[PDB]
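When a residue number appears, it is its place in the shown sequence, counting from 1. Worth knowing before you read on, the calculation uses all heavy atoms, side chains too, and leaves out hydrogens, waters and symmetry mates.
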Amino acid sequence: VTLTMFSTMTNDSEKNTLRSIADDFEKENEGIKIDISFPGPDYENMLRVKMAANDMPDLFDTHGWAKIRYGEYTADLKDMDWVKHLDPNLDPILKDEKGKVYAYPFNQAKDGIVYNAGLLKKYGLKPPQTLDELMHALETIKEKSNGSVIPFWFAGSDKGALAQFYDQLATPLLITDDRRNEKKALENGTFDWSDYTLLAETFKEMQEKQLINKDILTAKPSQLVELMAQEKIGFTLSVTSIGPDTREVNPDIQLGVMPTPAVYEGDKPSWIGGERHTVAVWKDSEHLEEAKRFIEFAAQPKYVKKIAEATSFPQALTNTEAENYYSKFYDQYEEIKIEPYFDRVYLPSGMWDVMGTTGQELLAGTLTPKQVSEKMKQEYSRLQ
Ligand SMILES: OC[C@H]1O[C@H](OC[C@H]2O[C@H](OC[C@H]3O[C@H](O[C@]4(CO)O[C@H](CO)[C@@H](O)[C@@H]4O)[C@H](O)[C@@H](O)[C@@H]3O)[C@H](O)[C@@H](O)[C@H]2O)[C@H](O)[C@@H](O)[C@H]1O
């Protein structure tokens with residue numbers, strides 16, 4: 001029997017690691033073969049088509065939507081052994097009031113911004129805690145290195161790489177400042193999107209002042225490691241997970257990680273948390289028990305550790321004696337709270353693609369910042 005498995009993993013390191021775990025399983029389980037697909041930027045649409053057809057892979061990544069999008073398609077995992085080791089922070093995300101456990105997490109999100117620590121030290125820059133401090137850090141980097149380095153780098157041929165910027169900054173913009181937020185209108189379903197303009201404007205000024213890569217619209221995730229590894233990049237969104245690979249290329253580099261900065265004075269930064277890579281079992285799998293056996297195999301301390309190390313993402317289980325990759329900085333920001341992804345819990349499914357699409361067009365010049373907010377509103381209403 002062959003089990004189908006789908007994953008949102010796009011990093012060669014992590015994908016191979018997953019593959020070799022799948023292989024170790026196959027060699028310990030005679031009847032059972034595992035085929036894994038990694039469609040990356042096309043993942044979410046492929047799974048929407050599979051849900052609509054009700055023809056799901058046996059194992060599939062839920063990538064932040066286990067309950068809200070995939071819930072009806074998932075088998076209940078609550079009786080599996082690994083469950084007692086789930087980091088409590090994920091309890092409300094992967095469990096419901098019935099006791100159901102919707103998916104198994106390979107890791108979890110703790111997303112901010114990654115930077116070249118040695119470069120920041122060279123320009124007398126502390127890690128920015130506000131958007132405005134970030135913009136100033138970008139300006140210093142540019143003029144101080146005299147244009148040698150790209151202050152903030154985005155693989156903008158990939159929509160998600162741009163959506164990511166908006167999605168993270170929406171939190172401090174619209175949610176966390178209890179004096180300036182839009183939770184009520186978001187929970188009404190009446191949010192008008194005027195605030196969102198600030199984000200699009202910010203990105204436009206970043207390209208206006210050459211604070212980002214000029215090849216942003218053509219830049220691909222492939223190219224990042226190379227440039228970080230040769231000290232031509234100040235900042236990237238932490239989700240690019242390049243610290244493992246760039247170290248393997250150049251062990252001299254001191255990278256740091258910092259939370260997503262605040263937008264309004266008085267507000268604090270936030271880590272953005274929740275699911276990153278998960279595997280759920282299709283409720284209607286013909287090999288339910290085999291599919292769960294893969295998960296049980298994968299949840300062994302050793303394989304948790306393998307998969308943990310293949311990224312810089314923190315671990316999801318409490319059972320691993322291993323420290324998180326950036327535990328050093330996390331101690332330094334023990335004060336900072338964790339927020340869920342803005343699009344995962346405050347928006348209907350669909351807004352992520354619009355976020356990324358409109359990020360591209362802003363950069364290409366097809367839309368002004370105001371017209372970006374307008375497209376988001378239009379699509380947000382359409383989704384209700
Ligand atoms: O991050 C918030 C986002 O989370 C879910 O999105 C799922 C996501 O899956 C694919 O990307 C996963 C991929 O992300 C990283 O890689 C890149 C390049 O660094 O970053 C982009 C996302 O910011 C991504 O498109 C690029 O591949 C990460 O390093 C890697 O480990 C991950 O496997 C897909 O490409 C992307 O578009 C998304 O569909 C969630 O569904 C979203 O709603 C949102 O909350």
Side-chain angles (χ1 to χ4, degrees), residues 3-11 14-15 17-19 21-22 25 34 36-44 46-48 50-51 56-96 100-111 160 167 239 241 272-283 285 288 291-300 303-319 324 338 340-341 343-345 349 352:
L3 306 179
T4 304
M5 187 177 170
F6 266 66
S7 173
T8 62
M9 288 182 190
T10 62
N11 166 253
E14 66 187 347
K15 289 192 282 165
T17 303
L18 181 55
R19 230 300 137 212
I21 288 166
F25 176 85
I34 291 172
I36 317 179
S37 315
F38 301 98
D42 290 335
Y43 188 101
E44 293 191 37
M46 286 188 76
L47 271 98
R48 289 192 193 96
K50 290 176 183 299
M51 279 185 291
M56 297 291 268
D58 295 293
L59 293 155
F60 57 89
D61 195 342
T62 57
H63 58 79
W65 299 82
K67 296 174 68 182
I68 287 167
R69 189 181 307 168
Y70 296 101
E72 292 295 78
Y73 298 94
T74 55
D76 187 350
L77 309 181
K78 77 173 175 180
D79 293 334
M80 300 184 74
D81 190 79
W82 67 264
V83 172
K84 65 193 163 175
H85 306 286
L86 183 66
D87 174 358
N89 283 327
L90 293 169
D91 287 340
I93 303 314
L94 296 181
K95 308 182 172 172
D96 63 20
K100 177 170 172 180
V101 181
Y102 284 72
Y104 170 79
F106 290 115
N107 49 30
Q108 70 187 118
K110 198 164 174 164
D111 303 346
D167 200 16
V239 85
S241 201
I272 314 300
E275 317 173 28
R276 176 50 64 199
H277 303 120
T278 76
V279 59
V281 174
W282 183 26
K283 169 186 285 180
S285 180
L288 205 88
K292 290 182 204 175
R293 278 160 54 202
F294 174 68
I295 295 186
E296 176 176 47
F297 184 95
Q300 293 181 86
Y303 291 123
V304 167
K305 198 187 276 163
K306 249 70 175 272
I307 220 89
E309 294 170 356
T311 73
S312 55
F313 302 141
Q315 302 167 97
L317 301 183
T318 50
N319 83 330
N324 295 322
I338 294 151
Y341 268 100
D343 79 305
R344 289 183 192 175
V345 302
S349 286
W352 170 254

Enquirer: If only side-chain N and O atoms count, and only distance matters, is there a donor-acceptor pair under 3.5 Å linking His277 with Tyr104?
Expert: no
Enquirer: Show your reasoning for whether side chain to side chain contact (heavy atoms under 4.5 Å, CB included) applies to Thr74 and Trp282.
Expert: CA-CA 5 Å; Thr74 55; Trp282 183 26; over 6 Å; no
Enquirer: Do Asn107 and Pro314 have side chains that get closer than 4.5 Å, going by heavy atoms?
Expert: no
Enquirer: Quick one: are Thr62 and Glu275 in side-chain contact, heavy atoms under 4.5 Å?
Expert: yes
Enquirer: Salt bridge check: are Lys100 and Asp96 linked by an N-O gap of less than 4.0 Å?
Expert: no
Enquirer: Take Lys110 and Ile272 through the side chain to side chain contact (heavy atoms under 4.5 Å, CB included) test and state the conclusion after the steps.
Expert: CA-CA 5 Å; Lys110 198 164 174 164; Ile272 314 300; over 6 Å; no
Enquirer: For the atom pair OG (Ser37) and NZ (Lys15), what is the distance rounded to the nearest 0.5 Å?
Expert: 10.5 Å
Enquirer: Do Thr311 and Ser241 meet the criterion of a side-chain donor-acceptor pair at a distance under 3.5 Å?
Expert: no
Enquirer: CG/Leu86 to CD/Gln108 distance, rounded to the nearest 0.5 angstrom?
Expert: 8.0 Å
Enquirer: Passes side chain to side chain contact (heavy atoms under 4.5 Å, CB included), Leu288 versus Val281? Steps please.
Expert: CA-CA 7 Å; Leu288 205 88; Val281 174; 3.9 Å; yes
Enquirer: Heavy atoms only: give me the nearest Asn11-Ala310 pair and the separation to one decimal.
Expert: OD1-O, 3.7 Å
Enquirer: State, without any angle test, whether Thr318 and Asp87 hold a side-chain donor-acceptor pair at a distance under 3.5 Å.
Expert: no
Enquirer: Evaluate the side-chain proximity of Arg344 to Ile68: yes if any heavy-atom separation is below 4.5 Å, no if none is.
Expert: no
Enquirer: How about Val279 and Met5: do any of their side-chain heavy atoms sit closer than 4.5 Å?
Expert: yes
Enquirer: Any side-chain donor-acceptor pair under 3.5 Å between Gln315 and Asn324?
Expert: yes
Enquirer: Within the structure provided, determine whether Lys95 and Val83 are in side-chain contact (heavy-atom separation under 4.5 Å).
Expert: yes
Enquirer: Can you name the closest pair of heavy atoms from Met80 and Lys292 and give their distance?
Expert: CE-O, 3.3 Å
Enquirer: Given side chains that start at C-beta, do those of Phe313 and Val239 come closer than 4.5 Å, heavy atoms only?
Expert: yes
Enquirer: I need the single residue from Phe60, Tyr102, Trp65 that forms a ring-ring contact (aromatic ring centres under 6.0 Å, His included) with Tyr70. Which is it?
Expert: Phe60
Enquirer: Going by an N to O cut-off under 4.0 Å, is there a salt bridge joining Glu44 and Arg48?
Expert: yes
Enquirer: Do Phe6 and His63 make the cut of ring centroids closer than 6.0 angstrom?
Expert: no
Enquirer: Nearest 0.5 Å, what's the CZ-OG1 distance between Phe106 and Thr17?
Expert: 11.0 Å
Enquirer: If every non-hydrogen atom of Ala103 is compared with every non-hydrogen atom of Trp82, which pair is closest and at what distance?
Expert: O-CH2, 3.4 Å
Enquirer: Side chain to side chain contact (heavy atoms under 4.5 Å, CB included) for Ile338 and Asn89? Distances and angles first, verdict last.
Expert: CA-CA 9 Å; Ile338 294 151; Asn89 283 327; 4.1 Å; yes
Enquirer: About how many Å separate CG of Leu3 and CD1 of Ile34, when rounded to the nearest 0.5 Å?
Expert: 5.5 Å
Enquirer: Does the side chain of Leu77 reach to within under 4.5 Å of the side chain of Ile295, using non-hydrogen atoms?
Expert: yes
Enquirer: Angle between ring planes, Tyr303 versus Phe297, binned at 30° and 60°: parallel, tilted or perpendicular?
Expert: parallel
Enquirer: Is NZ or CZ of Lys283 both nearer than 6.0 Å to the six-membered ring centre of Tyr73 and within 45° of the ring axis?
Expert: no
Enquirer: Distance check, rounded to the nearest 0.5 Å: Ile36 atom CD1 versus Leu59 atom CG?
Expert: 9.0 Å
Enquirer: Do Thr10 and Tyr43 have side-chain heavy atoms sitting under 4.5 Å apart?
Expert: no
Enquirer: Nearest 0.5 angstrom please: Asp42 CG to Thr8 OG1, how far?
Expert: 13.0 Å
Enquirer: Under 3.5 Å, is there a donor on one side chain and an acceptor on the other for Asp111 and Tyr341?
Expert: yes
